[PDB]
Amino acid sequence: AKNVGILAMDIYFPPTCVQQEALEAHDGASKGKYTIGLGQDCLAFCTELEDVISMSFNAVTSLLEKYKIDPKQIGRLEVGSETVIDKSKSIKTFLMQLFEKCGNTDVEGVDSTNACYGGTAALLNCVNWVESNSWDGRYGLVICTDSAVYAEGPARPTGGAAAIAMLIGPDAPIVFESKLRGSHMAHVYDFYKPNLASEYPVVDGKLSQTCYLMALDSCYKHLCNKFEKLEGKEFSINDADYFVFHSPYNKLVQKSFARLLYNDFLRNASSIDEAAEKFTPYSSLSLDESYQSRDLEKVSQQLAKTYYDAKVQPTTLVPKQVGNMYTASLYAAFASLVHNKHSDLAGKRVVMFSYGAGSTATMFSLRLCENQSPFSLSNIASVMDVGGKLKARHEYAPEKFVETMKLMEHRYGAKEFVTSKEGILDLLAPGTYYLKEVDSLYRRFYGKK
Amino acid sequence: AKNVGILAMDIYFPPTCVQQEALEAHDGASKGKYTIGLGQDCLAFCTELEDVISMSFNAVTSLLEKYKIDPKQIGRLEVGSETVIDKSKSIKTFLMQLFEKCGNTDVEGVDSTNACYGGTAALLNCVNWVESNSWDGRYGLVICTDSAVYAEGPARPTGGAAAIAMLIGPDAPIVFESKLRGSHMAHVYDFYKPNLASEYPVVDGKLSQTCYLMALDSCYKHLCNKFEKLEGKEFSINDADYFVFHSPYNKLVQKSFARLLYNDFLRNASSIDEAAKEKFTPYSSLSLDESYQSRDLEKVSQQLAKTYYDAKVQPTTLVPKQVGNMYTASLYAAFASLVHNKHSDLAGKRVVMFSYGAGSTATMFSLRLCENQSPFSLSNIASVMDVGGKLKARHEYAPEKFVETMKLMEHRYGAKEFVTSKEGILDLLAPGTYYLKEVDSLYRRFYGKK
Ligand SMILES: CC(=O)SCCNC(=O)CCNC(=O)[C@H](O)C(C)(C)COP(=O)(O)OP(=O)(O)OC[C@H]1O[C@@H](n2cnc3c(N)ncnc32)[C@H](O)[C@@H]1OP(=O)(O)O
Ligand SMILES: CC(=O)SCCNC(=O)CCNC(=O)[C@H](O)C(C)(C)COP(=O)(O)OP(=O)(O)OC[C@H]1O[C@@H](n2cnc3c(N)ncnc32)[C@H](O)[C@@H]1OP(=O)(O)O
């Protein structure tokens, strides 16, 4: 029951994508408004053949296959998502047909839901299960699957789609520092899906950031106060090697980390260099006014950029090339950190921030240990093969991407149809699950390969 | 963290209800088809003023006040439900407005969802938190809230509504027998909500039985197989004092337990006398697929289980027979009925619990009851819950006002920008209850209190 945490990961995202310069040109945006403004390069999206069930299958099987895992030492399977296929029958039950011919039905877990936080909540539920009296020696399995889609408004470029599987068990290369974490949650209306027919949420763009910031502050503060009662020291951005955040878009991750450096100034931490009086015009602000001062954002970005290149920039590859993955975004960003720093990460500490509108948030700490294959940081980066998957995409022209998104609107919550395999089944990878049909009774049937 | 389990409970259901006798006559049903056929006596339902948020508020507040517990000793809050108000913003966040006047925002937990099982999943998640390295000494709090509503068909009589709150912490009167449990989960289309506009579920004939049986079988089997590796002996009907079931309607609880006695016959348990081994054996030539469909083996099973049923489950039936189907809260209103009817008894006993959600998800787990010190004692819980006084405080609807309300709820489901009609209905609410005032142009919801 020791040092339980992530033993394995694998990632799946649709190979169908659009590129953002191409989408700046298509819509009416100044050049750089997506590439530099939002910090995004490529937008992955589900075609009519893929969904959160489909992507879940690809991520689950590929973790069990490549890590050579017996489906029968899965004691708990939990799914984090915000895409509603059915309002009563969970994604977890759909996933159970991977374990049907395996005889394994004594598995715990269901869906956890609140915006982009359910995946993290499931991960936390799962670790606490392994350290539970109810444990049975078997592996936990966590799924993060989402398709981020918006109306043709200014939020459509911030879309995405992906699925991530994580095997939870003891003596992990990725251990949880169980007590070093902090949560913040309130009742706020910054982003939510109240229109049950529509796959599109109402977004209160202003307040999305404002709420995200208040939570990131309170989470950091609570975390620092638990570091203080455990190891006697104050916590600072220099007491961690890498910071990885929920990544709805890149410019929000920039500001979020720069905001962590601002929080160090109001407590005068060892992380604030003396050349870094550049802040001091803003110490007359209350914390309510701090959130809205567009220069304090703009100032914090200036001295944190060198820190950002060292402690955040490796966490950016897949979010910058897939888009917003909701519950899975934070863990694709961590997957980017594994792929580009697997050879170094032994012994390091990585702090993780998860956010979901509503709102729910938690900042928690991982310390990485070197371990032994197949559950080793070096083998995870190999199995994820992030480089080859990014290398295996197909871009849509910006006008056919818009045509796909209008087909998805009519297929959402839709009855009685067969999916159109014309030409598209060709571009997904050999072995992937995909949606074949949904019958007159909304039942869904999937194929493979 | 030690002897962790349920420390406190409180239950809320709407005071507006229908009696099923009155509704047999109204719906044009055979006499007895609801009271005896389904075993139900009274059906509670939400008016335009109440919903799962409202009911959650009532259950949470009433638990913290009546047990005098500080909101800043809540470390984790989880909600189990299947009523979708919003597809992204959880019920859990709505509950956080009870904690803002406290500054306590360092609470873990979100919504857990799968049919009538999400509440059990939350309870289990919460138990595993107190025993986790991540624990912080504070109480866990679990909510089960649902409004069970159907279109006007043969399932409308099986409606219900309630919310239940449970305080999780160590050294409890209701301890969890952590390793004595069994789960079963599969991909079935027996009951599900695929039409996102309607709050009504699709049901595929009697597939729940076929599924409910396979799950109740597999779960009981797995639990028995863990009893032998724990305590050497086989498990039987007699190695527990009370059996509590997911209670969508009463007649399913009868068969569910009667079906457990059949599973004891097929395992030669110490609970099967020769009068029962006789009556069962004409039926052991059946495959387990055919057993599911034998309308004769059922009724034989209910006959040989009647005295066991009268002793080990009938007290677990009070609230469900007088409220209706409460989905995620169904199992725990039944357990609340057991505490209310035998708090003077429940010290030392073993109580086995069965939970099901279509989809499907299932777990049978065991609780041992300890007499402990007030306020966290079985006798004070039954006092605080006061289910008897809550039931005496109902207001009965005539069967056509219940039907008029239920098509009004269809007009408010997923609807925006309206104000609710409090006149005459708010009269019926107890002093203290939360209620919905309006939903504005942005679907935002606003609640009031008496
Ligand atoms: C849990 C979560 O938080 S994820 C789910 C909630 N969040 C979401 O869904 C994303 C919401 N969708 C959105 O589109 C975002 O709200 C927004 C902010 C991009 C709204 O879209 P816009 O109308 O374009 O907003 P805005 O005008 O502020 O543009 C954003 C950025 O691009 C910059 N920008 C604008 N045009 C350009 C340009 N040609 N070149 C470079 N940068 C530009 C702006 O300076 C701004 O950056 P800044 O904050 O550093 O000043
Ligand atoms: C959803 C879950 O998680 S678990 C499954 C629970 N299902 C639900 O919640 C949704 C389904 N809702 C329903 O109401 C179900 O469809 C039903 C079966 C209860 C109702 O459909 P009906 O056609 O009215 O049921 P049916 O005709 O089989 O009669 C029900 C019982 O009452 C008996 N009955 C019929 N008429 C009478 C009468 N006058 N007097 C006494 N008993 C009668 C029947 O013999 C039968 O008893 P039995 O099951 O012991 O053999």
# chains A, B, ... in the order shown; residues from 1 in each chain; ligands from 1
>>> residues_near_ligand(ligand="ligand 1", cutoff="9 Å", atoms="only C-alpha atoms and all ligand atoms", output="PDB file with C-alpha atoms, in the first residue's frame")
ATOM      1  CA  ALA A  29      -9.454  37.237 -37.319  1.00  0.00           C
ATOM      2  CA  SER A  30      -6.343  39.389 -37.415  1.00  0.00           C
ATOM      3  CA  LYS A  31      -3.271  37.275 -38.060  1.00  0.00           C
ATOM      4  CA  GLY A  32      -1.838  35.940 -34.814  1.00  0.00           C
ATOM      5  CA  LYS A  33      -5.122  36.121 -32.903  1.00  0.00           C
ATOM      6  CA  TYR A  34      -5.182  32.317 -32.630  1.00  0.00           C
ATOM      7  CA  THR A  35      -1.484  31.432 -32.971  1.00  0.00           C
ATOM      8  CA  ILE A  36      -0.255  34.206 -30.648  1.00  0.00           C
ATOM      9  CA  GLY A  37      -3.501  35.434 -29.101  1.00  0.00           C
ATOM     10  CA  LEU A  38      -4.654  32.020 -27.915  1.00  0.00           C
ATOM     11  CA  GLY A  39      -1.279  30.316 -28.332  1.00  0.00           C
ATOM     12  CA  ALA A 115     -16.823  20.601 -16.205  1.00  0.00           C
ATOM     13  CA  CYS A 116     -13.079  19.968 -16.804  1.00  0.00           C
ATOM     14  CA  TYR A 117     -12.496  18.621 -13.286  1.00  0.00           C
ATOM     15  CA  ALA A 148     -14.713  20.205 -26.705  1.00  0.00           C
ATOM     16  CA  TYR A 150     -18.528  25.400 -29.209  1.00  0.00           C
ATOM     17  CA  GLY A 153     -18.590  32.141 -31.738  1.00  0.00           C
ATOM     18  CA  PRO A 154     -15.144  33.219 -30.549  1.00  0.00           C
ATOM     19  CA  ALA A 155     -14.725  30.019 -28.507  1.00  0.00           C
ATOM     20  CA  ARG A 156     -14.768  27.499 -31.373  1.00  0.00           C
ATOM     21  CA  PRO A 157     -10.979  27.840 -31.963  1.00  0.00           C
ATOM     22  CA  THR A 158     -10.465  26.782 -28.325  1.00  0.00           C
ATOM     23  CA  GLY A 159     -12.005  23.350 -28.989  1.00  0.00           C
ATOM     24  CA  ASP A 190     -18.669  31.091 -15.593  1.00  0.00           C
ATOM     25  CA  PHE A 191     -19.298  28.147 -17.976  1.00  0.00           C
ATOM     26  CA  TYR A 192     -21.928  25.388 -17.976  1.00  0.00           C
ATOM     27  CA  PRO A 201     -22.191  25.524 -23.394  1.00  0.00           C
ATOM     28  CA  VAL A 202     -22.859  29.099 -22.460  1.00  0.00           C
ATOM     29  CA  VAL A 203     -19.512  30.709 -21.648  1.00  0.00           C
ATOM     30  CA  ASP A 204     -19.159  33.875 -19.607  1.00  0.00           C
ATOM     31  CA  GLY A 205     -15.697  34.501 -21.042  1.00  0.00           C
ATOM     32  CA  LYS A 206     -14.797  37.364 -18.741  1.00  0.00           C
ATOM     33  CA  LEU A 207     -15.696  35.415 -15.636  1.00  0.00           C
ATOM     34  CA  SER A 208     -14.092  32.188 -16.860  1.00  0.00           C
ATOM     35  CA  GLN A 209     -10.634  33.694 -16.297  1.00  0.00           C
ATOM     36  CA  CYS A 211     -13.091  32.432 -11.618  1.00  0.00           C
ATOM     37  CA  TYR A 212     -10.096  30.386 -12.761  1.00  0.00           C
ATOM     38  CA  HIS A 246      -5.462  22.780 -17.070  1.00  0.00           C
ATOM     39  CA  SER A 247      -4.866  24.027 -20.615  1.00  0.00           C
ATOM     40  CA  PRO A 248      -8.068  25.300 -22.265  1.00  0.00           C
ATOM     41  CA  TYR A 249      -5.752  27.498 -24.316  1.00  0.00           C
ATOM     42  CA  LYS A 251      -2.431  32.075 -23.179  1.00  0.00           C
ATOM     43  CA  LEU A 252      -4.444  31.061 -20.117  1.00  0.00           C
ATOM     44  CA  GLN A 254       0.876  31.591 -19.468  1.00  0.00           C
ATOM     45  CA  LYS A 255      -1.131  33.902 -17.210  1.00  0.00           C
ATOM     46  CA  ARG A 294      -4.747  44.303 -17.313  1.00  0.00           C
ATOM     47  CA  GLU A 297      -1.288  40.373 -15.814  1.00  0.00           C
ATOM     48  CA  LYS A 298       0.987  42.004 -18.399  1.00  0.00           C
ATOM     49  CA  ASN A 324      -8.826  21.968 -25.111  1.00  0.00           C
ATOM     50  CA  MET A 325      -9.472  18.443 -23.833  1.00  0.00           C
ATOM     51  CA  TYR A 326     -11.538  19.449 -20.763  1.00  0.00           C
ATOM     52  CA  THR A 327     -11.109  16.802 -18.030  1.00  0.00           C
ATOM     53  CA  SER A 354      -7.020  21.174 -12.255  1.00  0.00           C
ATOM     54  CA  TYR A 355      -9.998  23.409 -12.890  1.00  0.00           C
ATOM     55  CA  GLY A 356     -13.629  22.928 -13.817  1.00  0.00           C
ATOM     56  CA  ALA A 357     -16.178  25.708 -14.209  1.00  0.00           C
ATOM     57  CA  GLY A 358     -18.921  25.687 -11.599  1.00  0.00           C
ATOM     58  CA  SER A 359     -16.517  25.749  -9.973  1.00  0.00           C
ATOM     59  CA  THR A 360     -14.196  23.021  -8.749  1.00  0.00           C
TER      60      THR A 360
END
>>> residues_around(residues="residue 67 (chain B)", least_positions_apart="5", cutoff="8 Å", atoms="only C-alpha atoms", output="ChimeraX atom specification")
/B:8,375,384
>>> write_last_selection(atoms="N, CA, C and O atoms", output="PDB file, in the first residue's frame")
ATOM      1  N   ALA B   8     -24.013   9.988  10.749  1.00  0.00           N
ATOM      2  CA  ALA B   8     -25.274  10.701  10.878  1.00  0.00           C
ATOM      3  C   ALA B   8     -26.019  10.624   9.556  1.00  0.00           C
ATOM      4  O   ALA B   8     -25.406  10.501   8.492  1.00  0.00           O
ATOM      5  N   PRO B 375     -24.003  12.435  19.841  1.00  0.00           N
ATOM      6  CA  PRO B 375     -25.122  12.377  18.895  1.00  0.00           C
ATOM      7  C   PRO B 375     -25.012  11.296  17.818  1.00  0.00           C
ATOM      8  O   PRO B 375     -26.001  11.048  17.132  1.00  0.00           O
ATOM      9  N   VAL B 384     -33.454  12.211  15.335  1.00  0.00           N
ATOM     10  CA  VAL B 384     -33.239  13.388  14.495  1.00  0.00           C
ATOM     11  C   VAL B 384     -33.973  13.246  13.170  1.00  0.00           C
ATOM     12  O   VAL B 384     -34.600  14.200  12.687  1.00  0.00           O
TER      13      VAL B 384
END
>>> closest_residue(among="A:284, A:225, A:20, A:88", to="ligand 2", atoms="only C-alpha atoms and all ligand atoms")
A:88
>>> interface_residues(of="chain B", to="chain A", cutoff="7 Å", atoms="only C-alpha atoms", output="PyMOL selection string")
chain B and resi 82+84+86-90+93-94+96-97+105-115+121+125+128-129+131-134+178-179+182-187+192-197+358-360+414+443
>>> closest_residue(among="B:48, B:149, B:85, B:254", to="residue 422 (chain B)", atoms="only C-alpha atoms")
B:48
>>> select_by_dssp(residues="region 378-435 of chain A", states="strand (DSSP E)", output="PyMOL selection string")
chain A and resi 394-395+417-418+433-435
>>> residues_near_ligand(ligand="ligand 2", cutoff="6 Å", atoms="only C-alpha atoms and all ligand atoms", output="number ranges by chain")
B: 30-33, 36-38, 116, 154-155, 158, 208, 248, 357-358
>>> residues_around(residues="residue 145 (chain B)", least_positions_apart="6", cutoff="9 Å", atoms="only C-alpha atoms", output="JSON, numbers by chain")
{"B": [51, 52, 53, 55, 56, 79, 80, 81, 82, 83, 119, 161, 162, 163, 164, 165, 326, 327, 328, 329]}
>>> select_by_dssp(residues="region 217-309 of chain B", states="helix (DSSP H, G or I)", output="PyMOL selection string")
chain B and resi 217-231+237-239+250-265+274-283+288-291+295-304+306-309
>>> residues_around(residues="residue 166 (chain A)", least_positions_apart="4", cutoff="6 Å", atoms="only C-alpha atoms", output="list in words")
residues 8, 9, 141 and 142 of chain A
>>> write_last_selection(atoms="C-alpha atoms", output="PDB file, in the first residue's frame")
ATOM      1  CA  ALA A   8       0.957   3.829 -16.830  1.00  0.00           C
ATOM      2  CA  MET A   9      -0.542   6.250 -19.331  1.00  0.00           C
ATOM      3  CA  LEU A 141      -7.956   2.530 -14.181  1.00  0.00           C
ATOM      4  CA  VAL A 142      -8.900   6.163 -14.843  1.00  0.00           C
TER       5      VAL A 142
END
>>> closest_residue(among="B:201, B:282, B:388, B:160", to="residue 320 (chain B)", atoms="only C-alpha atoms")
B:160
>>> atom_distance(atom1="CA of residue 348 (chain A)", atom2="CA of residue 304 (chain A)")
20.2 Å
>>> closest_residue(among="B:16, B:268, B:366, B:210", to="residue 405 (chain B)", atoms="only C-alpha atoms")
B:16
>>> residues_around(residues="residue 152 (chain A)", least_positions_apart="5", cutoff="12 Å", atoms="only C-alpha atoms", output="ChimeraX atom specification")
/A:23,27-28,157-159,200-201,401-403,405-406,409
>>> write_last_selection(atoms="C-alpha atoms", output="mmCIF file, in the first residue's frame")
data_model
loop_
_atom_site.group_PDB
_atom_site.id
_atom_site.type_symbol
_atom_site.label_atom_id
_atom_site.label_comp_id
_atom_site.auth_asym_id
_atom_site.auth_seq_id
_atom_site.Cartn_x
_atom_site.Cartn_y
_atom_site.Cartn_z
ATOM 1 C CA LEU A 23 -8.575 29.031 -39.436
ATOM 2 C CA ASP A 27 -12.787 33.314 -40.129
ATOM 3 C CA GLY A 28 -12.385 37.074 -39.740
ATOM 4 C CA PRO A 157 -10.979 27.840 -31.963
ATOM 5 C CA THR A 158 -10.465 26.782 -28.325
ATOM 6 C CA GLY A 159 -12.005 23.350 -28.989
ATOM 7 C CA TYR A 200 -22.658 23.788 -26.713
ATOM 8 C CA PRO A 201 -22.191 25.524 -23.394
ATOM 9 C CA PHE A 401 -14.057 21.502 -40.709
ATOM 10 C CA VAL A 402 -17.056 23.820 -40.384
ATOM 11 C CA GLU A 403 -19.149 21.343 -42.390
ATOM 12 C CA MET A 405 -19.193 20.644 -36.971
ATOM 13 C CA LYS A 406 -22.632 21.268 -38.480
ATOM 14 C CA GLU A 409 -24.915 19.307 -34.208
#
>>> closest_residue(among="B:1, B:29, B:141, B:382", to="residue 71 (chain B)", atoms="only C-alpha atoms")
B:141
>>> decode(residues="region 429-441 of chain B", atoms="N, CA and C atoms", output="compact mmCIF listing (two decimals), in the first residue's frame")
# COMPACT_ATOMS: atom_id res chain seq x y z
N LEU B 429 -45.47 23.73 2.30
CA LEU B 429 -44.10 23.46 2.70
C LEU B 429 -43.92 23.73 4.18
N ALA B 430 -43.08 22.91 4.82
CA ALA B 430 -42.80 23.10 6.22
C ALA B 430 -41.99 24.38 6.41
N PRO B 431 -42.06 24.99 7.59
CA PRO B 431 -41.25 26.20 7.85
C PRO B 431 -39.77 25.85 7.88
N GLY B 432 -39.02 26.40 6.94
CA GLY B 432 -37.59 26.20 6.89
C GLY B 432 -37.08 25.72 5.55
N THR B 433 -37.99 25.19 4.73
CA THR B 433 -37.62 24.49 3.50
C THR B 433 -37.11 25.45 2.44
N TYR B 434 -36.16 24.96 1.64
CA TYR B 434 -35.73 25.69 0.46
C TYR B 434 -36.66 25.41 -0.72
N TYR B 435 -36.73 26.36 -1.64
CA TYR B 435 -37.61 26.26 -2.80
C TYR B 435 -37.09 27.16 -3.91
N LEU B 436 -37.43 26.81 -5.15
CA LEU B 436 -36.97 27.56 -6.31
C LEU B 436 -37.92 28.73 -6.58
N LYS B 437 -37.35 29.91 -6.81
CA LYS B 437 -38.17 31.09 -7.06
C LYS B 437 -38.35 31.33 -8.55
N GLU B 438 -37.27 31.20 -9.32
CA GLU B 438 -37.30 31.50 -10.74
C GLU B 438 -36.02 30.96 -11.37
N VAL B 439 -36.06 30.88 -12.69
CA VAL B 439 -34.90 30.59 -13.52
C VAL B 439 -34.86 31.70 -14.54
N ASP B 440 -33.73 32.40 -14.64
CA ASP B 440 -33.68 33.65 -15.38
C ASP B 440 -33.37 33.41 -16.86
N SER B 441 -33.13 34.50 -17.60
CA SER B 441 -32.84 34.44 -19.03
C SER B 441 -31.61 33.61 -19.38
